[PDB]
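A.B. asks: Before I ask anything, let me first share the structure, which is written out below as structure tokens.
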Amino acid sequence: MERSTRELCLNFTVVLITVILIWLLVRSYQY
Amino acid sequence: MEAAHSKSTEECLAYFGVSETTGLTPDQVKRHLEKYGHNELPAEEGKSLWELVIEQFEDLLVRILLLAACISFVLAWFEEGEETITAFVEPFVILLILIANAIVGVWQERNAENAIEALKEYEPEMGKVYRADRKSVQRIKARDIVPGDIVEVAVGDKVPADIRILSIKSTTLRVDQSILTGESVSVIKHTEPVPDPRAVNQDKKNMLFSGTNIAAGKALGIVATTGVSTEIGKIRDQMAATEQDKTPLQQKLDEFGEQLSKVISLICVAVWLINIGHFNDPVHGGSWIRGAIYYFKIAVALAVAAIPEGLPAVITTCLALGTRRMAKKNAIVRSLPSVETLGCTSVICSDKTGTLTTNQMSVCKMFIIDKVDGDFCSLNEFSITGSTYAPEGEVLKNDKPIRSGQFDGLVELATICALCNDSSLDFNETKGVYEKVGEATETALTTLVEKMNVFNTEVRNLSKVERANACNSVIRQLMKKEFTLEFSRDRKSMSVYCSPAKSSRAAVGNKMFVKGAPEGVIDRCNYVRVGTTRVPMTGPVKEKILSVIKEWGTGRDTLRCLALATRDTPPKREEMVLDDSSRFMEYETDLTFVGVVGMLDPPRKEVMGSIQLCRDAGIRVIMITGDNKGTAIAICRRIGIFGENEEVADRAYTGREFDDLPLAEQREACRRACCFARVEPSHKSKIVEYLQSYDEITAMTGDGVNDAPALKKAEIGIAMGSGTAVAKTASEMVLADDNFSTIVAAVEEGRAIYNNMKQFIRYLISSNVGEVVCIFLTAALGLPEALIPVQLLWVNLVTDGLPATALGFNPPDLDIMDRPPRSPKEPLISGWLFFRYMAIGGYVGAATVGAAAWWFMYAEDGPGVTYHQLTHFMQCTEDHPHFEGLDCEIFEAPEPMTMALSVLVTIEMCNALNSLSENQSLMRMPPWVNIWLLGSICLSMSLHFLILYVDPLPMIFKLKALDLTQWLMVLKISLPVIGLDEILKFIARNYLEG
Amino acid sequence: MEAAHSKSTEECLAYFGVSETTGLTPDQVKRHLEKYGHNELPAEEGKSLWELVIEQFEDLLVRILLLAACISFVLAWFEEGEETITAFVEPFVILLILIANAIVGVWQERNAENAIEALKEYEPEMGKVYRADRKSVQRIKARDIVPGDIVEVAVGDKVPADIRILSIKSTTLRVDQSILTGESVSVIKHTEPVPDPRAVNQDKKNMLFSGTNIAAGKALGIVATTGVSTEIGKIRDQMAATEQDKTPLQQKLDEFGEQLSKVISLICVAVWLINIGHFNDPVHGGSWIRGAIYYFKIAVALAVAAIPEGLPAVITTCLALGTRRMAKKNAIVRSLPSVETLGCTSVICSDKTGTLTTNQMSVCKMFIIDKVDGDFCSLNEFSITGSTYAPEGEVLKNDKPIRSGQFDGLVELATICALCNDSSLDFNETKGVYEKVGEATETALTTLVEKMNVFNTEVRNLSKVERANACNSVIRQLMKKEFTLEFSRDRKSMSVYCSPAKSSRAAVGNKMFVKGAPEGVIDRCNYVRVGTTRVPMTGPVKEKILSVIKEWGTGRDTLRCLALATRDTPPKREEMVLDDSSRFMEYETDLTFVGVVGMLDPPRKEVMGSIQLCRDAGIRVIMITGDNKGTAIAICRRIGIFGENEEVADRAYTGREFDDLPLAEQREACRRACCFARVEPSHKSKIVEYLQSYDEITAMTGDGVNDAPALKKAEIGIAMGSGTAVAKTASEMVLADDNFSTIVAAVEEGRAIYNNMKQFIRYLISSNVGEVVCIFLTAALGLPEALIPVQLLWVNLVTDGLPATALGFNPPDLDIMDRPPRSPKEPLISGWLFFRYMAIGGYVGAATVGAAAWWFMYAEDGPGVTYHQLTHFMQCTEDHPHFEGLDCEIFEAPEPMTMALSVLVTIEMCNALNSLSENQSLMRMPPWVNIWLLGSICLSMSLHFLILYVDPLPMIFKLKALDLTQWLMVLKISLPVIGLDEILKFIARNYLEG
Ligand SMILES: [Mg+2]
Ligand SMILES: [Mg+2]
Ligand SMILES: [Mg+2]
Ligand SMILES: [Mg+2]
Ligand code: NA
Ligand code: NA
């Protein structure tokens, strides 16, 4: 079975997402 | 139902409305299934993603840091309301970095719990029920049992649900209720009703409680209650934490990690203390409030990033992954802590038949008496072709096929085989193959007769199904098997009494047929049948028979052969008492030898090499066989347990011979004994005992009920996948395929797993040491903070996020099975290992602060250039008769910080490659061996460049993108970590071999 | 050049090298043309298609919506990531939709720009230049002017480039530099050099700045700078946003949309707000947070389509396409706000000559004295044939052609005409027609002499060019025009002083020739020439003359006729002072009457009807003419300004008469006056002013310099296309053809455009109120959402995309020119109108949620069928003792959604057909009247069918293709909108007429 690849994608998106929410969140106080 | 013990057997059959012959009907099945539900416990809720993240944010330090970052932001307004942006954004950064650093943890624990759980998937609980579909027994999932259907249980079975005893098929029934009643001793049962309905469990001696074991016998019964209604199900809604023990590895790891936790904390308070003389400084609003807070944050942050967190979790994660791998290879890990032990295995006692061999029983050879004349003794040897239970083959004499029917000796021979049999053949249609119905020994016998056809009966005009027992049927047509004097180990044989079919008034026409070990059967022979005649058993005749038996049992086929005999004048049908086994040998005397069948079950192909592998691994294998001492030794030679020519007189014992030794000598025997033949069930236990008294870690095979004691006794209990449920529950591991080779694989997995755990540890511990020598080296030498809280916690989120978890996919190390078994005494982290940890750790730390100091002291093509006294960077605003064209505000340049970060991260990816093998060079174990890791290195470097080039990010992160030259410097400063560890590896490899 | 003001006249002529007689050479032309560039400003770039798209992607709402559409999806893969397909594609469709939304937006603003800039194409800036090509003046594009060439400017001209004054032809030169200098008063200019080169514009009194007007005079000069080097050019690189005003109508509309916006906001966050007790539904994964997001998406997805964004832009759309049509009908709209006014036009003051008439001047009739005997007085009346300026026609007496040279009176008559003349004729070869060279009045006179030929000179043997001035030349061969005492309105006449040719010693031979209004000319006569004789002027003679003049001026030809007289004994050549006009009448006395020329300029054919059309529109027409009172009234009667018989004693005033009224009486005179004769320039302003005092919207024609003030005062200033550029810059609209009829057409268009503006509004507002009550009705009756966001925004992209824009092609309404002028006071959206918007609006919404309700409550041939309590669909999974064979998951059926959408869309097409006329029935105004809209209907339905039938689509859109029967239900539910509006229309049309 091995959910191996799902493990690297999820840990690539959790640090992708929280960086996207940094671009976003910084600008909602910039304006 | 309710109080089914109080009711009578019929009152129960009635209540549900079913006969103990029909079983349930597909209707009632679906009805009960809906009225009652599946036979199981309620699949518990569990926990939510939301909840676990919250529970993560319950750390003092986590709270502390986050609270102090709120206060220092709330004091970013009062003294000088200047430009903030980043000073507001910091708190929101931290809590998001932390959030994502906790989410990752859930993924780990989910993954952990998952694999562990997913093992039960490999070994589901079954049951024997009678239903409407077919007439015979149907094996099903226990969860698919409806309270009401008829159940059958036998020796070694686990009770699928609460049953009311219908009919005891054996003469006595015994049950191990230990799991519930507590009582170790097996309790007897009956089929009568128990009076008091207000009675207790121990009193319900007509009931069988789900989760109990059948110690001895066979019984029929009707399901009373299932699910939570069960006497066991009503106790599993009691205790939630039915496991409170720590494997001595986690215990030592929680000890070590706790030692770091303490030191890390001290030199974490130290950082906040060696900065008191800077609480007052202007750059902190000139207040002991903001002063003691800008360093308090640094303190708590370092601590949060450097305290080795879920160190126990590393074992949990590692056991998780090992587990699934072992199961993939047909090694079902019952008990988790066992795996740790599995590595340290030093002895394996395996059974021969079925584990070392296939148990694909077939008769190869057989002889009868040809001609006897004083000293002249000729044998009629035959070979039979085809090793499958299939009645397809031929009987050859001197390499030419013959008609066995044309040999009177063979007619009797085949007669005895068909009538001394309790097993038979069955042609499967779905599979399209013939298969056994009873013991393999007896089934091989059945097949023999079907090939011989001593009566030239038809075969080709018979369906594949009728073929199955054709010639056997015929043989039974002639004689009437009256009764059987079954086998006993005390005499090593068995017999049947038979009367002719076509006989009215016969006083002398009854015959006894004997089958058993050659040894004793031959001794109870005074006549040697010659075709149809009979002569006296001379000494020479007995000699010729024996030598051929010896030949075959010692040959390169190591055959297990049986002697066949008849008694022509059997004692009176009445003089015979069919109770005491002690009188059977007395009836089975005054015999006429007929012939001998030699039969074969070949060793598994793999066994040969698997054994060799254990030799290499320094693991002693001990064979335990039911063959005689002769054949037993032969087999050991044949499979490499013994050399071709080496001496074995003191390395192979029979049960008897063992018992004849005094206790001191028996202990002595086990230190070098490799073969045991014809033993008693008790011997397994004693052998283990002795083995333990030498500090050996033992793996012991078993599959029977009387195996349980020794299995529980052993360090690694190994039950056969096809064995008793009693055996399995008492063992720490189950062989899916019953294969000895599998056990050897399992051990290799133990070693391997132990190594991967070391990989993870080295990487975490070392990276954290560096994480601390960094922030301490800057505080000590008074240097400008090379990394700020947000940067450190980010680096933390990447390191312990991608490469670390990608280490979970490290291939097995090399020397793995060329080492002696590890001692379960040796400590986890050795002194050398700790030196290794410090060296590397300390080096990354110094390499980080030196990366920052490179942009100042030795600043090439960049500002600063303050070769000296970069140390005292506080007396810049005030005491500036030392500044030369240098702005004080440069100590806040986003370049040194970007140096530090851009080196620490790179050095971690390097260190990750160092953690492929525990000792083996990257030239002997190339980096592209773990592609997962290599992919993780890419993603990590993706994130770094992005946090540096996407304009909003580098700003809030206090970072500025670096030039190609400075990147080359990063490499020129990181890459020597590979070389350092490489040196250390070469020292650990060539100077400290083990 | 540089600082040409500091340089002398020659220093400039030199610097470029050109004589102020030669002008520039084709070589020098091409050269400077490349060395300097075309005389104009650098065409601005503006922005790019994509660059503006992004700008639209900046809304609070577009952000918020396009955010919580990805927040929702991230909480979809990572919280409970089940089967998604549509869940991922939704956000990636919202943006795709929004992209195609802006594309329409930008397209419309492009089209709005195009029409606007395309107006300057109609009225190109010209210049008068002297060059090498020809000897006379050359009229060219101002852009084709190279700094260096010689420029001539005159009264009423725009200065084409920055010019250095060479030579002032008139006696003084006045210039209106208001536009740059800010000084309102006209400044005098000179040809001398201004000292300081570092001086200011206001001081450069020898310069003429491009963009300025010649207030009075004529001058010659040389171009210094052009393009961006200009003193105006360097200022046009200053302000880009010069639209710092908005019509009181735009505001009245932005105010209304702002109100709706506010209400659309309230009943939008009330939709989400009232939906809290549904945040925890199982289909929401039971999440306060997931529920908030989902309903929060609906709220904002409303706003984005519900709030009317481009209302202020719709006004502009209209004006754009209105202006364009107007210009196509020869009415160039200088001022954009003006169009809105143009509708409300209540009064038009038009000049007669050239605007009401063709100004195709020609002499029809003429008389001279036949015989006088005391009380007997006979006239010699003649008619001339041919109304063209062509010298081709014949002089009849009593319908019989005669030889005019045979009548002495006529000889002198023609002499006076040829010598009291400053104009002449010219035969054009290209056109092959004769054309005037000077004032029409005078040229018509030249034509008369050419037709008469009082000397029987040759004609036929002369080229078509020599014929032009033949006889005229002859008459000049006889007399020598010494000087002329030019015309002054204070005496209504003019004269020349002539000496004979071959005659030196003739102190008694010189004559004075007078021509002017019969009135005063006749009164300064004491003799009446009879052929070659003279007699005294008696009372009866004067009476015969005057009666004939009256007859002609009042007849069905309304001739404007002049009297021709001579002074036989003129005062001495020296006794006369030629400076003061006051002394001229004194000279022109003691005269001999010769004869009278009666001349015609016919009224334009269309004028007649146009006036009628004005009567119908409730718009009053005021004729201003230079004729005497009598003829003026005559003309008015003749063109229908007055009734054939009606009394007009108080509706016609002369300049004089008006001035003799006191101020209060004057104001009174304007309220009913319709004819003004012989007025001063000032009377235009005063008239306007009084008309303003009655709240009239006045249109005022003008063409001369002294017209500017009144043109600026009037609400609609209308300059003639053939007039001074000063009049044009002062006015709001230019008559390409100078046709009075064109003005009327311009007003009609004004009314029409207001209507189309009404159309657009109704449709937009209404459809939107619908789009809201739809989503509020389903949220208030708690129904299963009739529409989802992706559906809504799709409908929005179509509705405000194809039908809405196609309405811009609506033909003009019907009662358009039969009502009285709209008051600029009455509001845009009236009470009745609002009620009309709500009705249709609130209806389509009801019909959309009903369309879904029908698939449930009244569900025919379809599932649901839940007659009641479809309301509480949330308590279906939980409280299901009410369900009867109904799967709860039906509330997410792809059918009720396909109803709502498939209904809303069809009702919008219907509503668009309601928006063909503001009040007129589809039977009075057939739907096949706007083919473009009809075409938009097809395409809109083409997209709808396709989004239901091409498999990828209906899936992503939560839609299933419906059956022909259910389509009939759609119709049976949409089409009653047609009827509803039709009802309301019939109400306004028959009950609230106006
Ligand atoms: Mg760490
Ligand atoms: Mg066995
Ligand atoms: Mg809309
Ligand atoms: Mg005029
Ligand atoms: Na054990
Ligand atoms: Na005006």
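Simple scheme: letters A, B, ... for chains in structure tokens order, numbers from 1 for residues in each chain, numbers from 1 for ligands in the order shown.
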For ligand 6, return the neighbouring residues as a PDB file with N, CA, C and O atoms, in the first residue's frame (distance at most 12 Å; only C-alpha atoms and all ligand atoms).
C.D. replies:
```
ATOM      1  N   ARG C 334     -20.220  69.791 -28.991  1.00  0.00           N
ATOM      2  CA  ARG C 334     -19.000  70.244 -28.352  1.00  0.00           C
ATOM      3  C   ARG C 334     -18.988  69.840 -26.866  1.00  0.00           C
ATOM      4  O   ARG C 334     -18.011  69.259 -26.377  1.00  0.00           O
ATOM      5  N   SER C 335     -20.081  70.125 -26.160  1.00  0.00           N
ATOM      6  CA  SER C 335     -20.137  69.866 -24.725  1.00  0.00           C
ATOM      7  C   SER C 335     -21.036  68.680 -24.351  1.00  0.00           C
ATOM      8  O   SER C 335     -22.239  68.688 -24.609  1.00  0.00           O
ATOM      9  N   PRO C 337     -22.138  67.388 -21.328  1.00  0.00           N
ATOM     10  CA  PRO C 337     -23.285  67.577 -20.445  1.00  0.00           C
ATOM     11  C   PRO C 337     -24.474  68.129 -21.223  1.00  0.00           C
ATOM     12  O   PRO C 337     -25.599  67.669 -21.042  1.00  0.00           O
ATOM     13  N   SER C 338     -24.191  69.078 -22.112  1.00  0.00           N
ATOM     14  CA  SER C 338     -25.182  69.738 -22.969  1.00  0.00           C
ATOM     15  C   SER C 338     -26.267  68.842 -23.540  1.00  0.00           C
ATOM     16  O   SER C 338     -27.412  69.279 -23.683  1.00  0.00           O
ATOM     17  N   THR C 341     -29.155  68.461 -21.225  1.00  0.00           N
ATOM     18  CA  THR C 341     -29.930  69.686 -21.352  1.00  0.00           C
ATOM     19  C   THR C 341     -30.731  69.657 -22.643  1.00  0.00           C
ATOM     20  O   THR C 341     -31.939  69.840 -22.621  1.00  0.00           O
ATOM     21  N   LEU C 342     -30.059  69.395 -23.758  1.00  0.00           N
ATOM     22  CA  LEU C 342     -30.686  69.430 -25.072  1.00  0.00           C
ATOM     23  C   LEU C 342     -32.123  68.891 -25.101  1.00  0.00           C
ATOM     24  O   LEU C 342     -32.966  69.392 -25.851  1.00  0.00           O
ATOM     25  N   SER C 685     -28.068  88.649 -25.589  1.00  0.00           N
ATOM     26  CA  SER C 685     -27.911  88.437 -24.125  1.00  0.00           C
ATOM     27  C   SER C 685     -29.134  88.772 -23.255  1.00  0.00           C
ATOM     28  O   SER C 685     -29.551  87.959 -22.436  1.00  0.00           O
ATOM     29  N   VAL C 688     -31.934  86.317 -23.784  1.00  0.00           N
ATOM     30  CA  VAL C 688     -31.578  85.067 -23.103  1.00  0.00           C
ATOM     31  C   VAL C 688     -31.917  85.214 -21.633  1.00  0.00           C
ATOM     32  O   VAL C 688     -32.637  84.398 -21.067  1.00  0.00           O
ATOM     33  N   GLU C 689     -31.386  86.276 -21.038  1.00  0.00           N
ATOM     34  CA  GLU C 689     -31.516  86.564 -19.619  1.00  0.00           C
ATOM     35  C   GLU C 689     -32.967  86.556 -19.149  1.00  0.00           C
ATOM     36  O   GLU C 689     -33.289  85.896 -18.159  1.00  0.00           O
ATOM     37  N   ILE C 697     -35.321  76.711 -20.859  1.00  0.00           N
ATOM     38  CA  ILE C 697     -34.065  76.225 -21.368  1.00  0.00           C
ATOM     39  C   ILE C 697     -33.994  76.757 -22.793  1.00  0.00           C
ATOM     40  O   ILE C 697     -34.824  76.421 -23.653  1.00  0.00           O
ATOM     41  N   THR C 698     -33.018  77.624 -23.018  1.00  0.00           N
ATOM     42  CA  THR C 698     -32.926  78.364 -24.268  1.00  0.00           C
ATOM     43  C   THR C 698     -31.799  77.863 -25.156  1.00  0.00           C
ATOM     44  O   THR C 698     -30.682  77.620 -24.687  1.00  0.00           O
ATOM     45  N   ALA C 699     -32.119  77.694 -26.435  1.00  0.00           N
ATOM     46  CA  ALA C 699     -31.124  77.485 -27.467  1.00  0.00           C
ATOM     47  C   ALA C 699     -30.990  78.800 -28.225  1.00  0.00           C
ATOM     48  O   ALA C 699     -31.995  79.446 -28.524  1.00  0.00           O
ATOM     49  N   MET C 700     -29.753  79.207 -28.506  1.00  0.00           N
ATOM     50  CA  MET C 700     -29.465  80.509 -29.112  1.00  0.00           C
ATOM     51  C   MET C 700     -28.444  80.341 -30.225  1.00  0.00           C
ATOM     52  O   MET C 700     -27.357  79.816 -29.996  1.00  0.00           O
ATOM     53  N   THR C 701     -28.783  80.766 -31.434  1.00  0.00           N
ATOM     54  CA  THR C 701     -27.848  80.595 -32.538  1.00  0.00           C
ATOM     55  C   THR C 701     -26.890  81.757 -32.525  1.00  0.00           C
ATOM     56  O   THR C 701     -27.213  82.815 -31.987  1.00  0.00           O
ATOM     57  N   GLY C 702     -25.713  81.565 -33.103  1.00  0.00           N
ATOM     58  CA  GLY C 702     -24.741  82.646 -33.205  1.00  0.00           C
ATOM     59  C   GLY C 702     -23.599  82.263 -34.109  1.00  0.00           C
ATOM     60  O   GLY C 702     -23.329  81.072 -34.288  1.00  0.00           O
ATOM     61  N   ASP C 707     -21.181  87.591 -30.975  1.00  0.00           N
ATOM     62  CA  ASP C 707     -22.188  86.620 -30.560  1.00  0.00           C
ATOM     63  C   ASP C 707     -21.762  85.832 -29.338  1.00  0.00           C
ATOM     64  O   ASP C 707     -22.608  85.352 -28.595  1.00  0.00           O
ATOM     65  N   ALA C 708     -20.449  85.690 -29.144  1.00  0.00           N
ATOM     66  CA  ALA C 708     -19.875  84.889 -28.044  1.00  0.00           C
ATOM     67  C   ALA C 708     -20.588  85.082 -26.690  1.00  0.00           C
ATOM     68  O   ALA C 708     -21.052  84.099 -26.110  1.00  0.00           O
ATOM     69  N   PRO C 709     -20.705  86.339 -26.200  1.00  0.00           N
ATOM     70  CA  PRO C 709     -21.318  86.573 -24.896  1.00  0.00           C
ATOM     71  C   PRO C 709     -22.650  85.862 -24.712  1.00  0.00           C
ATOM     72  O   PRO C 709     -22.817  85.116 -23.755  1.00  0.00           O
ATOM     73  N   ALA C 710     -23.585  86.083 -25.629  1.00  0.00           N
ATOM     74  CA  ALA C 710     -24.919  85.472 -25.541  1.00  0.00           C
ATOM     75  C   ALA C 710     -24.870  83.950 -25.673  1.00  0.00           C
ATOM     76  O   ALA C 710     -25.639  83.237 -25.018  1.00  0.00           O
ATOM     77  N   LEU C 711     -23.960  83.465 -26.519  1.00  0.00           N
ATOM     78  CA  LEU C 711     -23.778  82.034 -26.725  1.00  0.00           C
ATOM     79  C   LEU C 711     -23.274  81.389 -25.439  1.00  0.00           C
ATOM     80  O   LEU C 711     -23.738  80.314 -25.036  1.00  0.00           O
ATOM     81  N   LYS C 712     -22.344  82.062 -24.775  1.00  0.00           N
ATOM     82  CA  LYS C 712     -21.886  81.587 -23.489  1.00  0.00           C
ATOM     83  C   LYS C 712     -22.999  81.652 -22.437  1.00  0.00           C
ATOM     84  O   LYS C 712     -23.064  80.792 -21.582  1.00  0.00           O
ATOM     85  N   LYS C 713     -23.901  82.621 -22.541  1.00  0.00           N
ATOM     86  CA  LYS C 713     -24.975  82.793 -21.560  1.00  0.00           C
ATOM     87  C   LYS C 713     -26.060  81.752 -21.713  1.00  0.00           C
ATOM     88  O   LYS C 713     -26.502  81.151 -20.741  1.00  0.00           O
ATOM     89  N   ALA C 714     -26.484  81.542 -22.951  1.00  0.00           N
ATOM     90  CA  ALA C 714     -27.566  80.609 -23.256  1.00  0.00           C
ATOM     91  C   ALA C 714     -27.261  79.197 -22.745  1.00  0.00           C
ATOM     92  O   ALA C 714     -26.103  78.806 -22.634  1.00  0.00           O
ATOM     93  N   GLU C 715     -28.299  78.439 -22.428  1.00  0.00           N
ATOM     94  CA  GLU C 715     -28.113  77.070 -21.971  1.00  0.00           C
ATOM     95  C   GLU C 715     -27.537  76.190 -23.076  1.00  0.00           C
ATOM     96  O   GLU C 715     -26.673  75.354 -22.814  1.00  0.00           O
ATOM     97  N   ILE C 716     -28.029  76.360 -24.300  1.00  0.00           N
ATOM     98  CA  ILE C 716     -27.431  75.698 -25.447  1.00  0.00           C
ATOM     99  C   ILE C 716     -27.019  76.770 -26.433  1.00  0.00           C
ATOM    100  O   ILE C 716     -27.863  77.352 -27.118  1.00  0.00           O
ATOM    101  N   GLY C 717     -25.715  77.042 -26.479  1.00  0.00           N
ATOM    102  CA  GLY C 717     -25.132  77.939 -27.481  1.00  0.00           C
ATOM    103  C   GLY C 717     -24.895  77.168 -28.760  1.00  0.00           C
ATOM    104  O   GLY C 717     -24.305  76.089 -28.733  1.00  0.00           O
ATOM    105  N   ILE C 718     -25.374  77.705 -29.874  1.00  0.00           N
ATOM    106  CA  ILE C 718     -25.292  77.014 -31.146  1.00  0.00           C
ATOM    107  C   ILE C 718     -24.645  77.908 -32.169  1.00  0.00           C
ATOM    108  O   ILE C 718     -25.235  78.904 -32.605  1.00  0.00           O
ATOM    109  N   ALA C 719     -23.424  77.542 -32.543  1.00  0.00           N
ATOM    110  CA  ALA C 719     -22.660  78.286 -33.528  1.00  0.00           C
ATOM    111  C   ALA C 719     -22.844  77.658 -34.889  1.00  0.00           C
ATOM    112  O   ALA C 719     -23.102  76.452 -34.998  1.00  0.00           O
ATOM    113  N   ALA C 727     -17.012  82.086 -31.999  1.00  0.00           N
ATOM    114  CA  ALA C 727     -18.381  81.613 -31.758  1.00  0.00           C
ATOM    115  C   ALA C 727     -18.403  80.138 -31.353  1.00  0.00           C
ATOM    116  O   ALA C 727     -19.104  79.762 -30.413  1.00  0.00           O
ATOM    117  N   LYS C 728     -17.619  79.323 -32.061  1.00  0.00           N
ATOM    118  CA  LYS C 728     -17.554  77.875 -31.840  1.00  0.00           C
ATOM    119  C   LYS C 728     -17.011  77.504 -30.458  1.00  0.00           C
ATOM    120  O   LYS C 728     -17.607  76.694 -29.761  1.00  0.00           O
ATOM    121  N   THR C 729     -15.890  78.100 -30.061  1.00  0.00           N
ATOM    122  CA  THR C 729     -15.309  77.809 -28.750  1.00  0.00           C
ATOM    123  C   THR C 729     -16.216  78.300 -27.621  1.00  0.00           C
ATOM    124  O   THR C 729     -16.194  77.750 -26.527  1.00  0.00           O
ATOM    125  N   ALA C 730     -17.014  79.330 -27.895  1.00  0.00           N
ATOM    126  CA  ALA C 730     -17.976  79.862 -26.921  1.00  0.00           C
ATOM    127  C   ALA C 730     -19.267  79.026 -26.783  1.00  0.00           C
ATOM    128  O   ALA C 730     -19.970  79.114 -25.770  1.00  0.00           O
ATOM    129  N   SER C 731     -19.572  78.218 -27.795  1.00  0.00           N
ATOM    130  CA  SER C 731     -20.855  77.516 -27.874  1.00  0.00           C
ATOM    131  C   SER C 731     -20.797  76.073 -27.354  1.00  0.00           C
ATOM    132  O   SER C 731     -19.721  75.559 -27.045  1.00  0.00           O
ATOM    133  N   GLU C 732     -21.958  75.428 -27.266  1.00  0.00           N
ATOM    134  CA  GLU C 732     -22.042  74.054 -26.783  1.00  0.00           C
ATOM    135  C   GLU C 732     -22.263  73.053 -27.899  1.00  0.00           C
ATOM    136  O   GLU C 732     -22.148  71.846 -27.677  1.00  0.00           O
ATOM    137  N   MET C 733     -22.569  73.559 -29.095  1.00  0.00           N
ATOM    138  CA  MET C 733     -22.899  72.723 -30.243  1.00  0.00           C
ATOM    139  C   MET C 733     -22.683  73.441 -31.567  1.00  0.00           C
ATOM    140  O   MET C 733     -22.954  74.631 -31.686  1.00  0.00           O
ATOM    141  N   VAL C 734     -22.226  72.709 -32.573  1.00  0.00           N
ATOM    142  CA  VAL C 734     -21.929  73.321 -33.863  1.00  0.00           C
ATOM    143  C   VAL C 734     -22.797  72.742 -34.964  1.00  0.00           C
ATOM    144  O   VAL C 734     -22.863  71.527 -35.109  1.00  0.00           O
TER     145      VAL C 734
END
```
A.B. asks: Please return as a VMD selection string: the residues of segment 621-703 of chain B that backbone DSSP assigns to helix (DSSP H, G or I).
C.D. replies: chain B and resid 629 to 638 655 to 660 663 to 670 681 to 692
A.B. asks: Excluding same-chain residues fewer than 6 positions from segment 374-386 of chain C, what lies within 6 Å of it counting only C-alpha atoms, as a VMD selection string?
C.D. replies: chain C and resid 364 to 368 393 to 397 540 to 541
A.B. asks: Set the cut-off to 6 Å, count only C-alpha atoms and all ligand atoms, and list whatever residues fall near ligand 1 as a list in words.
C.D. replies: residues 305, 306, 768 and 796 of chain B
A.B. asks: Mind listing the residues within 9 Å of ligand 3, only C-alpha atoms and all ligand atoms counted, as a PyMOL selection string?
C.D. replies: chain C and resi 302+304-308+764-765+767-768+771+792-793+795-800
A.B. asks: May I have the residues of chain B within 12 Å of chain C, counting only C-alpha atoms, written as JSON, numbers by chain?
C.D. replies: {"B": [48, 49, 50, 103, 107]}
A.B. asks: Using only C-alpha atoms, I'd like a table of the residues in chain A that come within 10 Å of chain C; for each, show the closest atom pair and its distance in Å rounded to one decimal, ordered by chain and ascending number, as a tab-separated table.
C.D. replies:
```
residue	atom	partner	partner_atom	distance
A:10	CA	C:78	CA	8.6
A:13	CA	C:78	CA	9.7
A:14	CA	C:78	CA	9.3
A:17	CA	C:74	CA	8.5
A:21	CA	C:71	CA	9.9
A:24	CA	C:67	CA	9.5
```
